[PDB]
Enquirer: 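Here you go, one structure.
One is the number of the first residue; the rest follow in order along the sequence. Computed from heavy atoms alone, side chains included, the values below leave out hydrogens, waters and symmetry copies.
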Amino acid sequence: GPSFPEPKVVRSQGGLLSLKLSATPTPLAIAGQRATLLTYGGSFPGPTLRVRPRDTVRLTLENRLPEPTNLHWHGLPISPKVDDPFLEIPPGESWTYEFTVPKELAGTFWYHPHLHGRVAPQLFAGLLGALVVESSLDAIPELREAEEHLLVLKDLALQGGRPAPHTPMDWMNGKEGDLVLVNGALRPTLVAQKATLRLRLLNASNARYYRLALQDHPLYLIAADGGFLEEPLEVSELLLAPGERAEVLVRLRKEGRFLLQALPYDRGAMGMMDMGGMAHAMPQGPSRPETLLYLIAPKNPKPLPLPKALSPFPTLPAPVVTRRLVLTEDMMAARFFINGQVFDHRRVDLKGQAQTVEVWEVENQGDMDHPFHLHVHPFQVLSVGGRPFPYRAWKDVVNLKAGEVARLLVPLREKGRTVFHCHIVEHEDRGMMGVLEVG
Ligand SMILES: [Ag+]
Ligand SMILES: [Ag+]
Ligand SMILES: [Ag+]
Ligand SMILES: [Cu+2]
Ligand SMILES: [Cu+2]
Ligand SMILES: [Cu+2]
Ligand SMILES: [Cu+2]
Ligand SMILES: [O-]
(Lines give C-alpha, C1' and ligand atoms only; values in the text may rest on other atoms or scores of the structure.)
(Ligands and ions follow the chains in the order given, each with its own letter.)
Protein backbone atom coordinates (compact mmCIF):
# COMPACT_ATOMS: atom_id res chain seq x y z
CA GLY A 1 0.00 0.00 0.00
CA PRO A 2 1.17 3.55 0.72
CA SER A 3 4.60 3.71 2.37
CA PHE A 4 2.81 5.55 5.18
CA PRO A 5 0.10 3.60 7.01
CA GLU A 6 -2.94 5.49 8.30
CA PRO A 7 -6.20 4.07 9.65
CA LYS A 8 -8.95 3.65 7.07
CA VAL A 9 -11.28 6.70 6.91
CA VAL A 10 -15.08 6.53 7.14
CA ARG A 11 -16.77 9.78 6.00
CA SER A 12 -20.27 11.06 6.63
CA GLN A 13 -22.50 10.80 3.56
CA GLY A 14 -25.04 13.53 2.95
CA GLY A 15 -24.77 14.76 6.55
CA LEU A 16 -25.00 11.31 8.19
CA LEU A 17 -22.31 8.96 9.46
CA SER A 18 -24.12 5.73 10.15
CA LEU A 19 -21.90 2.86 11.17
CA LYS A 20 -21.86 -0.41 13.08
CA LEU A 21 -18.66 -1.11 14.99
CA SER A 22 -17.83 -4.32 16.80
CA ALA A 23 -15.43 -4.44 19.74
CA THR A 24 -13.69 -7.78 19.20
CA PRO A 25 -10.60 -9.85 19.95
CA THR A 26 -8.81 -9.73 16.59
CA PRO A 27 -5.91 -11.70 15.09
CA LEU A 28 -3.63 -9.47 13.02
CA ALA A 29 -0.07 -8.67 12.08
CA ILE A 30 1.45 -5.87 14.15
CA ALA A 31 5.07 -4.71 13.87
CA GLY A 32 6.07 -7.86 11.98
CA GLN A 33 4.47 -10.35 14.40
CA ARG A 34 1.13 -12.07 14.80
CA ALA A 35 -0.89 -10.92 17.77
CA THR A 36 -4.47 -10.89 18.94
CA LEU A 37 -5.62 -7.42 19.96
CA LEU A 38 -8.94 -5.93 21.01
CA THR A 39 -10.13 -3.76 18.12
CA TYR A 40 -12.95 -1.63 16.83
CA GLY A 41 -13.79 -2.43 13.20
CA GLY A 42 -11.19 -5.17 12.95
CA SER A 43 -8.24 -2.80 12.92
CA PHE A 44 -5.58 -1.26 15.13
CA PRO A 45 -6.11 1.69 15.43
CA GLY A 46 -9.87 1.55 14.81
CA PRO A 47 -11.13 3.40 11.74
CA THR A 48 -10.88 7.17 11.57
CA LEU A 49 -14.26 8.88 11.53
CA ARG A 50 -14.25 12.10 9.52
CA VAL A 51 -17.23 14.41 9.95
CA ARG A 52 -18.35 18.03 9.55
CA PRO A 53 -20.25 20.34 11.94
CA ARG A 54 -24.04 19.64 12.04
CA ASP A 55 -23.52 16.07 10.76
CA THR A 56 -25.54 13.39 12.51
CA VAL A 57 -23.51 10.51 13.92
CA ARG A 58 -25.13 7.15 14.51
CA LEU A 59 -22.64 4.61 15.87
CA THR A 60 -23.89 1.20 16.94
CA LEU A 61 -21.26 -0.47 19.08
CA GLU A 62 -21.53 -4.26 19.35
CA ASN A 63 -19.65 -5.68 22.34
CA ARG A 64 -17.95 -8.95 21.39
CA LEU A 65 -15.59 -8.78 24.38
CA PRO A 66 -15.84 -11.23 27.32
CA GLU A 67 -16.31 -8.19 29.58
CA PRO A 68 -18.57 -5.14 29.59
CA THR A 69 -17.37 -2.01 27.79
CA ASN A 70 -18.67 1.31 26.48
CA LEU A 71 -17.60 4.24 24.28
CA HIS A 72 -16.42 7.70 25.21
CA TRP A 73 -16.24 10.44 22.58
CA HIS A 74 -13.15 12.10 23.99
CA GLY A 75 -13.24 15.86 23.52
CA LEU A 76 -16.68 16.21 21.95
CA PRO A 77 -18.77 18.88 23.68
CA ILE A 78 -21.96 16.84 23.44
CA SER A 79 -24.51 15.77 26.03
CA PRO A 80 -23.37 13.47 28.86
CA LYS A 81 -26.70 11.74 28.25
CA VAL A 82 -25.22 10.55 24.94
CA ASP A 83 -21.54 10.40 25.87
CA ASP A 84 -22.54 8.51 29.03
CA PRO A 85 -19.52 7.50 31.16
CA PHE A 86 -21.64 5.30 33.49
CA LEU A 87 -23.22 3.18 30.77
CA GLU A 88 -22.34 -0.48 30.60
CA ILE A 89 -22.69 -2.58 27.48
CA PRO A 90 -22.65 -6.24 28.58
CA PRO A 91 -20.88 -8.94 26.54
CA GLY A 92 -22.92 -9.78 23.43
CA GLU A 93 -25.10 -6.64 23.66
CA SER A 94 -25.15 -3.51 21.48
CA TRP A 95 -25.82 0.19 21.93
CA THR A 96 -26.43 3.05 19.53
CA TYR A 97 -24.82 6.42 20.13
CA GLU A 98 -26.60 9.18 18.21
CA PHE A 99 -25.64 12.86 18.29
CA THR A 100 -25.17 15.97 16.17
CA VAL A 101 -21.70 17.44 15.66
CA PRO A 102 -21.63 20.93 17.24
CA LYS A 103 -21.61 23.85 14.82
CA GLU A 104 -18.60 25.67 16.27
CA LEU A 105 -16.12 22.81 16.31
CA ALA A 106 -13.01 21.61 14.51
CA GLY A 107 -10.01 19.43 15.22
CA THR A 108 -8.80 15.93 16.05
CA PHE A 109 -10.79 13.99 18.64
CA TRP A 110 -10.95 10.26 19.47
CA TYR A 111 -13.00 7.41 20.92
CA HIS A 112 -12.06 4.69 23.41
CA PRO A 113 -13.56 2.68 26.32
CA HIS A 114 -14.69 4.35 29.51
CA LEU A 115 -15.96 1.64 31.84
CA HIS A 116 -14.54 2.41 35.31
CA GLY A 117 -11.90 -0.02 36.54
CA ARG A 118 -11.43 -1.60 33.10
CA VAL A 119 -10.23 1.34 31.00
CA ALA A 120 -6.47 0.76 31.28
CA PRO A 121 -6.52 -2.90 30.07
CA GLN A 122 -9.04 -2.30 27.26
CA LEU A 123 -7.33 0.80 25.90
CA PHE A 124 -3.90 -0.84 26.16
CA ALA A 125 -5.12 -3.90 24.24
CA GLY A 126 -5.96 -1.70 21.27
CA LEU A 127 -9.45 -0.21 21.61
CA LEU A 128 -9.24 3.34 20.19
CA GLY A 129 -9.54 5.34 16.99
CA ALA A 130 -9.67 8.95 15.83
CA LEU A 131 -12.51 11.26 14.93
CA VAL A 132 -11.73 14.25 12.71
CA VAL A 133 -13.97 17.31 12.48
CA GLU A 134 -13.39 19.10 9.16
CA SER A 135 -13.63 22.89 9.10
CA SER A 136 -14.28 25.58 6.49
CA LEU A 137 -10.81 26.72 7.53
CA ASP A 138 -9.45 23.63 5.70
CA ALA A 139 -10.24 25.36 2.44
CA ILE A 140 -7.77 28.26 2.91
CA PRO A 141 -4.90 27.62 0.45
CA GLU A 142 -2.18 27.43 3.13
CA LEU A 143 -3.89 24.30 4.51
CA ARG A 144 -5.70 22.90 1.47
CA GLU A 145 -2.39 22.69 -0.38
CA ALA A 146 -0.53 21.04 2.50
CA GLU A 147 -0.11 17.26 2.57
CA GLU A 148 -2.25 15.93 5.45
CA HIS A 149 -1.63 12.90 7.67
CA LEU A 150 -2.93 11.55 10.97
CA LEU A 151 -0.40 10.27 13.50
CA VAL A 152 -1.88 8.05 16.20
CA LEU A 153 0.87 7.74 18.80
CA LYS A 154 0.34 4.56 20.81
CA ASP A 155 2.73 2.09 22.37
CA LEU A 156 2.33 -1.59 23.08
CA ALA A 157 3.91 -4.59 24.78
CA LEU A 158 3.23 -8.17 23.73
CA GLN A 159 3.51 -11.45 25.65
CA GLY A 160 2.47 -14.79 24.19
CA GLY A 161 0.98 -12.96 21.21
CA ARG A 162 -1.39 -10.90 23.33
CA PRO A 163 -1.18 -7.51 25.04
CA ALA A 164 1.02 -7.95 28.10
CA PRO A 165 -0.91 -8.09 31.41
CA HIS A 166 -0.92 -5.19 33.90
CA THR A 167 1.49 -5.65 36.78
CA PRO A 168 1.03 -4.04 40.24
CA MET A 169 3.76 -1.49 39.22
CA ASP A 170 1.69 -0.83 36.06
CA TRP A 171 -1.29 0.27 38.14
CA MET A 172 0.91 2.76 39.99
CA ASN A 173 2.81 4.19 37.01
CA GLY A 174 0.46 3.68 34.12
CA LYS A 175 1.63 1.06 31.60
CA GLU A 176 4.16 1.85 28.88
CA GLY A 177 5.18 -0.56 26.12
CA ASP A 178 8.46 -1.29 24.34
CA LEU A 179 6.84 -1.14 20.89
CA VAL A 180 6.49 2.57 20.20
CA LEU A 181 4.15 2.73 17.24
CA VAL A 182 2.64 5.24 14.86
CA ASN A 183 -0.77 4.21 13.53
CA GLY A 184 0.11 0.71 14.73
CA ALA A 185 3.26 0.56 12.60
CA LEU A 186 6.81 0.38 13.87
CA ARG A 187 8.85 3.38 12.67
CA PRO A 188 7.08 3.82 9.32
CA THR A 189 8.66 5.93 6.55
CA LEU A 190 6.80 9.06 5.36
CA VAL A 191 7.92 9.99 1.87
CA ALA A 192 6.63 13.54 1.58
CA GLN A 193 5.35 14.74 -1.78
CA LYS A 194 4.73 18.32 -0.78
CA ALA A 195 7.00 20.72 1.07
CA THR A 196 4.35 21.60 3.67
CA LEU A 197 2.93 18.82 5.83
CA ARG A 198 -0.14 19.12 8.01
CA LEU A 199 0.02 16.55 10.79
CA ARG A 200 -2.85 15.69 13.12
CA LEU A 201 -1.36 14.23 16.30
CA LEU A 202 -3.04 11.98 18.84
CA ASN A 203 -1.55 10.55 22.05
CA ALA A 204 -3.75 7.46 22.56
CA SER A 205 -1.27 5.75 24.88
CA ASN A 206 -2.17 4.69 28.42
CA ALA A 207 0.64 6.64 30.00
CA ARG A 208 3.56 7.27 27.63
CA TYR A 209 4.50 10.89 26.88
CA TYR A 210 5.83 12.06 23.51
CA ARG A 211 8.28 14.94 23.70
CA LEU A 212 8.06 15.58 19.98
CA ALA A 213 10.79 17.08 17.86
CA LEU A 214 11.66 16.78 14.19
CA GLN A 215 15.32 16.85 13.26
CA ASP A 216 16.48 20.21 11.96
CA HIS A 217 12.96 21.66 11.97
CA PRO A 218 10.60 23.66 14.18
CA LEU A 219 6.92 22.69 14.36
CA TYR A 220 4.13 25.17 13.71
CA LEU A 221 1.26 24.56 16.14
CA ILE A 222 -2.14 25.35 14.55
CA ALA A 223 -4.59 23.41 16.78
CA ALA A 224 -4.71 22.14 20.35
CA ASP A 225 -6.91 19.34 21.77
CA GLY A 226 -10.24 20.75 20.75
CA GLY A 227 -9.77 23.54 18.24
CA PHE A 228 -7.51 25.79 16.17
CA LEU A 229 -5.20 28.38 17.68
CA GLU A 230 -5.76 32.02 16.75
CA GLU A 231 -2.61 32.02 14.69
CA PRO A 232 0.24 29.55 14.15
CA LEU A 233 2.78 29.27 16.97
CA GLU A 234 6.32 28.35 16.30
CA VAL A 235 7.83 25.74 18.75
CA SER A 236 11.08 23.80 18.80
CA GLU A 237 9.41 20.82 20.45
CA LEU A 238 5.92 19.72 21.53
CA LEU A 239 4.97 17.57 24.53
CA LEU A 240 1.85 15.42 24.14
CA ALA A 241 0.58 13.80 27.34
CA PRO A 242 -1.91 10.90 27.25
CA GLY A 243 -5.17 12.03 25.69
CA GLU A 244 -3.89 15.32 24.23
CA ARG A 245 -4.01 16.18 20.55
CA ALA A 246 -2.35 18.81 18.43
CA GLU A 247 -2.06 19.72 14.77
CA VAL A 248 1.13 21.12 13.37
CA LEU A 249 2.41 22.42 10.07
CA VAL A 250 5.84 21.19 9.05
CA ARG A 251 7.83 23.30 6.56
CA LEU A 252 10.47 21.08 4.98
CA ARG A 253 13.63 23.12 4.55
CA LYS A 254 15.85 20.96 2.33
CA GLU A 255 16.12 17.44 0.90
CA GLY A 256 17.06 14.59 3.18
CA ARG A 257 15.88 12.11 5.80
CA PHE A 258 14.69 13.64 9.08
CA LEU A 259 13.80 11.69 12.21
CA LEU A 260 10.66 12.59 14.15
CA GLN A 261 11.56 11.62 17.71
CA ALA A 262 10.04 11.27 21.16
CA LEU A 263 12.84 12.89 23.16
CA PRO A 264 13.79 11.83 26.71
CA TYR A 265 11.14 12.97 29.18
CA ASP A 266 10.77 12.29 32.88
CA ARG A 267 7.13 12.09 33.95
CA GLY A 268 8.02 10.81 37.42
CA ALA A 269 7.47 7.07 36.87
CA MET A 270 9.02 4.97 39.64
CA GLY A 271 10.73 1.62 40.09
CA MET A 272 11.55 -0.46 43.15
CA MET A 273 15.03 -1.08 44.61
CA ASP A 274 16.87 -2.83 47.43
CA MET A 275 20.41 -1.60 48.17
CA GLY A 276 21.37 -2.24 51.79
CA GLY A 277 18.14 -3.48 53.35
CA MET A 278 15.56 -0.95 52.12
CA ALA A 279 12.74 -1.83 49.78
CA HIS A 280 11.58 1.45 48.37
CA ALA A 281 10.63 3.50 45.46
CA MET A 282 13.20 5.09 43.17
CA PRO A 283 12.70 7.45 40.18
CA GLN A 284 12.86 5.69 36.79
CA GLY A 285 14.23 8.96 35.38
CA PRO A 286 13.74 10.13 31.75
CA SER A 287 12.34 7.86 29.03
CA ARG A 288 14.82 6.62 26.46
CA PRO A 289 14.75 8.47 23.12
CA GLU A 290 12.50 6.84 20.52
CA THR A 291 12.39 7.29 16.79
CA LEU A 292 8.74 7.62 15.78
CA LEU A 293 9.04 7.86 11.99
CA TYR A 294 11.42 8.60 9.09
CA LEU A 295 10.45 11.74 7.22
CA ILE A 296 11.85 11.97 3.68
CA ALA A 297 11.71 15.48 2.17
CA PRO A 298 10.95 15.85 -1.55
CA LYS A 299 13.24 17.41 -4.18
CA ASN A 300 13.88 21.16 -3.77
CA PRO A 301 11.15 21.83 -1.22
CA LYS A 302 9.42 25.20 -1.34
CA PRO A 303 6.97 25.30 1.57
CA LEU A 304 3.80 27.33 1.35
CA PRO A 305 3.65 30.51 3.39
CA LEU A 306 2.05 30.06 6.82
CA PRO A 307 -1.55 31.19 7.18
CA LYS A 308 -1.55 34.57 8.91
CA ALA A 309 -4.72 33.85 10.92
CA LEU A 310 -6.69 30.73 11.87
CA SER A 311 -9.74 31.06 14.15
CA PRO A 312 -10.45 33.91 16.61
CA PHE A 313 -10.93 32.46 20.10
CA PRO A 314 -14.29 33.33 21.74
CA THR A 315 -14.50 36.12 24.28
CA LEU A 316 -15.79 34.35 27.38
CA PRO A 317 -18.15 35.88 29.95
CA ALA A 318 -16.58 36.74 33.32
CA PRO A 319 -16.50 33.65 35.58
CA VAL A 320 -18.94 33.16 38.47
CA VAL A 321 -17.04 30.70 40.65
CA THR A 322 -13.51 29.52 41.43
CA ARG A 323 -12.86 25.86 42.21
CA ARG A 324 -9.80 24.17 43.61
CA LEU A 325 -8.99 20.54 42.82
CA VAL A 326 -5.93 19.00 44.49
CA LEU A 327 -4.28 15.85 43.17
CA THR A 328 -2.43 13.54 45.54
CA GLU A 329 -0.95 10.05 45.45
CA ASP A 330 -0.50 6.98 47.56
CA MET A 331 2.27 5.30 45.43
CA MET A 332 2.73 2.11 47.40
CA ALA A 333 -1.04 1.45 47.49
CA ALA A 334 -1.47 2.56 43.85
CA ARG A 335 -4.25 4.87 45.02
CA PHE A 336 -4.81 8.35 43.65
CA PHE A 337 -7.03 11.12 44.95
CA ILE A 338 -8.74 14.40 44.14
CA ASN A 339 -9.20 16.62 47.23
CA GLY A 340 -8.58 13.58 49.40
CA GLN A 341 -11.24 11.32 47.88
CA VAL A 342 -11.32 8.48 45.39
CA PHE A 343 -14.04 8.23 42.74
CA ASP A 344 -17.55 7.26 43.85
CA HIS A 345 -20.16 7.13 41.10
CA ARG A 346 -23.01 7.84 43.53
CA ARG A 347 -21.34 10.98 44.82
CA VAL A 348 -21.55 14.37 43.16
CA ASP A 349 -18.41 16.39 43.84
CA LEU A 350 -19.14 19.62 41.97
CA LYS A 351 -22.35 21.30 40.99
CA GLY A 352 -22.29 24.10 38.46
CA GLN A 353 -24.63 26.08 36.22
CA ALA A 354 -24.87 25.67 32.45
CA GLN A 355 -23.85 28.68 30.34
CA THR A 356 -21.80 30.16 33.16
CA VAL A 357 -18.01 30.29 33.25
CA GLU A 358 -15.89 28.80 36.05
CA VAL A 359 -12.26 29.16 37.02
CA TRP A 360 -10.71 25.80 37.98
CA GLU A 361 -7.38 25.73 39.75
CA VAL A 362 -6.01 22.25 39.52
CA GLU A 363 -2.96 21.59 41.65
CA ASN A 364 -0.72 18.54 41.42
CA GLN A 365 0.66 17.77 44.91
CA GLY A 366 1.97 14.38 43.81
CA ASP A 367 5.44 13.67 42.43
CA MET A 368 4.26 12.29 39.06
CA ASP A 369 2.96 14.20 36.07
CA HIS A 370 -0.81 13.92 35.89
CA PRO A 371 -2.70 14.93 32.74
CA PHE A 372 -6.05 16.28 33.95
CA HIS A 373 -9.09 15.70 31.72
CA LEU A 374 -12.64 17.03 31.91
CA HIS A 375 -15.48 15.53 29.84
CA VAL A 376 -18.11 17.54 27.95
CA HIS A 377 -16.76 21.03 28.76
CA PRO A 378 -13.65 22.14 26.79
CA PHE A 379 -11.50 24.70 28.57
CA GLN A 380 -9.04 27.50 27.95
CA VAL A 381 -5.78 27.06 29.85
CA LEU A 382 -4.79 30.47 31.31
CA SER A 383 -1.55 29.32 32.93
CA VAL A 384 0.41 26.35 34.30
CA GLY A 385 3.11 26.46 36.96
CA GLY A 386 2.77 30.25 37.16
CA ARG A 387 3.58 30.71 33.47
CA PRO A 388 0.94 32.19 31.13
CA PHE A 389 -0.10 29.94 28.20
CA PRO A 390 1.24 31.33 24.98
CA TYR A 391 -1.93 30.77 22.95
CA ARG A 392 -5.70 30.66 23.09
CA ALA A 393 -7.34 27.42 22.03
CA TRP A 394 -9.80 24.83 23.33
CA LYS A 395 -8.22 22.01 25.33
CA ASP A 396 -9.71 19.15 27.37
CA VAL A 397 -6.52 17.70 28.79
CA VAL A 398 -3.89 19.69 30.66
CA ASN A 399 -0.62 18.25 31.92
CA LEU A 400 0.59 19.05 35.42
CA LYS A 401 4.12 18.29 36.53
CA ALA A 402 4.84 17.75 40.23
CA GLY A 403 3.82 20.73 42.32
CA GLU A 404 2.34 22.67 39.41
CA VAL A 405 -0.96 24.55 39.39
CA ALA A 406 -3.07 24.98 36.27
CA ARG A 407 -5.65 27.76 35.98
CA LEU A 408 -8.45 27.00 33.54
CA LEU A 409 -11.41 28.94 32.23
CA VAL A 410 -14.24 26.42 32.02
CA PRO A 411 -17.48 27.39 30.26
CA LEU A 412 -20.16 24.93 31.28
CA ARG A 413 -22.14 23.74 28.27
CA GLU A 414 -24.42 20.68 28.27
CA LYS A 415 -26.46 19.82 31.36
CA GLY A 416 -26.09 16.49 33.13
CA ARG A 417 -23.70 14.41 35.23
CA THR A 418 -20.23 13.91 33.86
CA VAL A 419 -16.68 13.27 35.13
CA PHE A 420 -13.16 14.73 35.42
CA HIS A 421 -10.07 12.57 35.92
CA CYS A 422 -6.42 11.97 35.29
CA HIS A 423 -5.85 10.56 31.81
CA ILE A 424 -3.13 8.19 32.85
CA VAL A 425 -6.05 5.79 32.73
CA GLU A 426 -4.55 3.44 35.31
CA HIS A 427 -4.81 6.31 37.83
CA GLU A 428 -8.41 6.84 36.69
CA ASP A 429 -9.23 3.15 37.26
CA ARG A 430 -7.60 3.38 40.67
CA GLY A 431 -9.80 6.29 41.73
CA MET A 432 -8.37 9.58 40.48
CA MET A 433 -11.75 10.76 39.16
CA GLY A 434 -14.70 12.85 40.34
CA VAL A 435 -18.22 13.84 39.32
CA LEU A 436 -19.48 17.16 37.99
CA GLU A 437 -23.18 17.89 37.68
CA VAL A 438 -24.27 20.76 35.46
CA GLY A 439 -27.83 22.04 35.80
AG1 LIG B 1 6.14 -1.87 43.71
AG1 LIG C 1 4.91 6.49 41.36
AG1 LIG D 1 16.42 3.04 47.00
CU1 LIG E 1 -10.05 9.94 26.74
CU1 LIG F 1 -13.05 12.36 27.79
CU1 LIG G 1 -2.46 10.51 37.21
CU1 LIG H 1 -12.95 10.19 30.71
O1 LIG I 1 -11.79 10.00 28.97
Enquirer: If I compare all heavy atoms of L239 with all of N399, which pair ends up nearest, and what's the gap?
Expert: CD2-ND2, 4.2 Å

Enquirer: Considering only NZ, NE, NH1 and NH2 on the basic side and carboxylate oxygens on the acidic side, decide whether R323 and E361 come within less than 4.0 Å.
Expert: no

Enquirer: Between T108 and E247, does a side chain to side chain donor-acceptor pair (under 3.5 Å) hold up when you go through it step by step?
Expert: CA-CA 8 Å; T108 304; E247 303 188 11; 3.0 Å; yes

Enquirer: Checking the side chain of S205 only, and the main-chain atoms of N203 only, is there a donor and an acceptor separated by less than 3.5 Å?
Expert: no

Enquirer: List in chain and number order the residues that pass side chain to side chain donor-acceptor pair (under 3.5 Å) with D225, two or more places apart in sequence or in another chain; answer none if no residue qualifies.
Expert: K395

Enquirer: So, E93 side chain and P90 main chain: donor-acceptor pair closer than 3.5 Å or not?
Expert: no

Enquirer: Between the main-chain N or O of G177 and the side-chain N or O of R208, is there a donor-acceptor pair closer than 3.5 Å?
Expert: yes

Enquirer: Which residues pass the salt bridge (charged side-chain N to carboxylate O under 4.0 Å, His left out) test with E237, sequence neighbours left out?
Expert: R211

Enquirer: Main chain of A157, side chain of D178: is a donor-acceptor contact present, judged purely on distance under 3.5 Å?
Expert: no

Enquirer: Between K175 and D170 (salt bridge meaning N to carboxylate O under 4.0 Å), is one present in this structure?
Expert: yes

Enquirer: Ignoring hydrogens and angles, tell me if any N or O in the side chain of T24 forms a donor-acceptor pair with the backbone of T26 under 3.5 Å.
Expert: no

Enquirer: May I ask you to decide if the ring planes of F420 and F372 are parallel, tilted or perpendicular, using 30° and 60° as cut-offs?
Expert: tilted

Enquirer: Report yes if the side chains of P286 and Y265 come closer than 4.5 Å at any heavy-atom pair, otherwise no.
Expert: no

Enquirer: With a cut-off of 3.5 Å and sequence neighbours excluded, list every side-chain donor-acceptor pair involving residues 268-279.
Expert:
none

Enquirer: Are any of the side-chain nitrogens in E234 or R251 under 4.0 Å away from the carboxylate oxygens of its partner?
Expert: no

Enquirer: Less than 3.5 Å apart, any donor N or O on the side chain of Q122 or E67 sitting next to an acceptor on the other?
Expert: yes

Enquirer: What verdict does the salt bridge (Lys or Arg N to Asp or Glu O under 4.0 Å) test give for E404 and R387, after you've listed the backbone C-alpha separation in whole Å, the side-chain angles of each residue and the deciding distance to 0.1 Å?
Expert: CA-CA 10 Å; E404 288 190 322; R387 324 177 284 279; 2.6 Å; yes

Enquirer: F343 and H116: ring-ring contact (aromatic ring centres under 6.0 Å, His included), yes or no, with the steps?
Expert: CA-CA 9 Å; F343 172 71; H116 182 61; 4.7 Å; yes

Enquirer: Considering residues at least two apart in sequence or located in another chain, which fulfil the side-chain contact (heavy atoms from CB on, under 4.5 Å) criterion with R392?
Expert: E230, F313, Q380

Enquirer: Dump the intermediate steps for side chain to side chain donor-acceptor pair (under 3.5 Å) on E147 and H149, then the final yes or no.
Expert: CA-CA 7 Å; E147 165 180 340; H149 298 281; 2.5 Å; yes

Enquirer: Under a plain distance cut-off of 3.5 Å, with no hydrogens placed, do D138 and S135 share a side-chain donor-acceptor pair?
Expert: no

Enquirer: Just by distance, do the side chain of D369 and the backbone of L400 share a donor-acceptor pair under 3.5 Å?
Expert: no

Enquirer: Should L221 and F228 count as side-chain neighbours, where that means a heavy-atom distance under 4.5 Å?
Expert: no

Enquirer: Please name all residues satisfying side-chain contact (heavy atoms from CB on, under 4.5 Å) with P319, sequence neighbours left out, ordered by chain then number.
Expert: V357, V359, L409

Enquirer: Using the ring pair (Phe, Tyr, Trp, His ring centres under 6.0 Å) criterion, which residues pair with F99? Sequence neighbours excluded.
Expert: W73

Enquirer: Given the rule in the side chain to side chain donor-acceptor pair (under 3.5 Å) test, do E329 and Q365 qualify, once you have shown the distances and angles that lead to the verdict?
Expert: CA-CA 8 Å; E329 308 153 347; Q365 284 192 359; over 6 Å; no

Enquirer: State, with a plain yes or no, whether a side-chain heavy atom of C422 is found less than 4.5 Å away from one of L327.
Expert: no

Enquirer: Between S236 and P218, is any pair of side-chain heavy atoms under 4.5 Å apart?
Expert: no

Enquirer: Restricting to side-chain contact (heavy atoms from CB on, under 4.5 Å), what partner residues turn up for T96, sequence neighbours left out?
Expert: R58, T60

Enquirer: Looking at every heavy atom in both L238 and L201, which two are closest together, and how far apart are they?
Expert: CD2-CD1, 4.2 Å

Enquirer: Could you tell me whether the side chain of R162 reaches within less than 4.5 Å of the side chain of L37, counting heavy atoms only?
Expert: no

Enquirer: Mind running ring-ring contact (aromatic ring centres under 6.0 Å, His included) on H423 and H74 for me, showing each step along the way?
Expert: CA-CA 11 Å; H423 212 281; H74 183 125; 4.9 Å; yes

Enquirer: Quick one: sort the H72 and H373 rings into parallel, tilted or perpendicular, breaks at 30° and 60°.
Expert: tilted

Enquirer: Starting from the C-alpha separation in whole Å, work towards a yes-or-no answer on ring-ring contact (aromatic ring centres under 6.0 Å, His included) for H427 and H421.
Expert: CA-CA 8 Å; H427 295 182; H421 58 93; over 10 Å; no

Enquirer: Side chain of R245, backbone of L240: donor and acceptor closer than 3.5 Å?
Expert: no

Enquirer: May I ask you to test the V362-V398 pair for a side-chain heavy-atom distance under 4.5 Å?
Expert: no

Enquirer: Would you mind reporting whether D266 and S287 have side-chain heavy atoms less than 4.5 Å apart?
Expert: no

Enquirer: Within the structure provided, determine whether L38 and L65 are in side-chain contact (heavy-atom separation under 4.5 Å).
Expert: yes

Enquirer: Could you pull out the closest heavy-atom pair between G46 and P7, with the gap in Å?
Expert: O-CB, 3.6 Å

Enquirer: With a 3.5 Å distance limit and no angle check, can you tell me whether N63 reaches the backbone of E88 through a side-chain donor-acceptor pair?
Expert: no

Enquirer: Provide the full list of ring-ring contact (aromatic ring centres under 6.0 Å, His included) pairs with a residue in residues 36-63, sequence neighbours left out, each pair given once.
Expert: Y40-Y111

Enquirer: Taking salt bridge (charged side-chain N to carboxylate O under 4.0 Å, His left out) as the test, write out the residues that go with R413, two or more places apart.
Expert: none

Enquirer: Walk me through it: do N206 and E176 pass the test side chain to side chain donor-acceptor pair (under 3.5 Å)?
Expert: CA-CA 7 Å; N206 280 40; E176 295 180 67; over 6 Å; no

Enquirer: Check for a donor-acceptor pair, side chain of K401 on one end and backbone N or O of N364 on the other, with a separation under 3.5 Å.
Expert: no

Enquirer: Looking only at heavy atoms, which two atoms of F86 and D84 are closest? And how far apart?
Expert: N-OD1, 2.8 Å

Enquirer: Surrounding NZ of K81 (heavy atoms of other residues, nucleotides or ligands, distance under 6.0 Å), is the total greater than 12?
Expert: no

Enquirer: Please identify each residue that fulfils side-chain contact (heavy atoms from CB on, under 4.5 Å) with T291, with sequence neighbours left out.
Expert: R187, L259, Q261, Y294

Enquirer: Distance-only check: which donor-acceptor pairs under 3.5 Å involve side-chain atoms of residues 429-439, not counting sequence neighbours?
Expert:
residue: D429; atom: OD1; partner: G117; partner atom: N; Å: 2.9
residue: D429; atom: OD1; partner: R118; partner atom: N; Å: 3.4
residue: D429; atom: OD1; partner: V119; partner atom: N; Å: 3.3
residue: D429; atom: OD2; partner: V119; partner atom: N; Å: 3.3
residue: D429; atom: OD2; partner: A120; partner atom: N; Å: 2.8
residue: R430; atom: NE; partner: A334; partner atom: O; Å: 2.8
residue: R430; atom: NH2; partner: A333; partner atom: O; Å: 3.0
residue: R430; atom: NH2; partner: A334; partner atom: O; Å: 3.3
residue: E437; atom: OE2; partner: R417; partner atom: NE; Å: 2.8

Enquirer: Return the minimal non-hydrogen interatomic distance between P113 and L127, and the atom names on each side.
Expert: CD-O, 3.2 Å

Enquirer: Could you tell me which residues satisfy salt bridge (charged side-chain N to carboxylate O under 4.0 Å, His left out) with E231, sequence neighbours excluded, listed by chain and number?
Expert: none

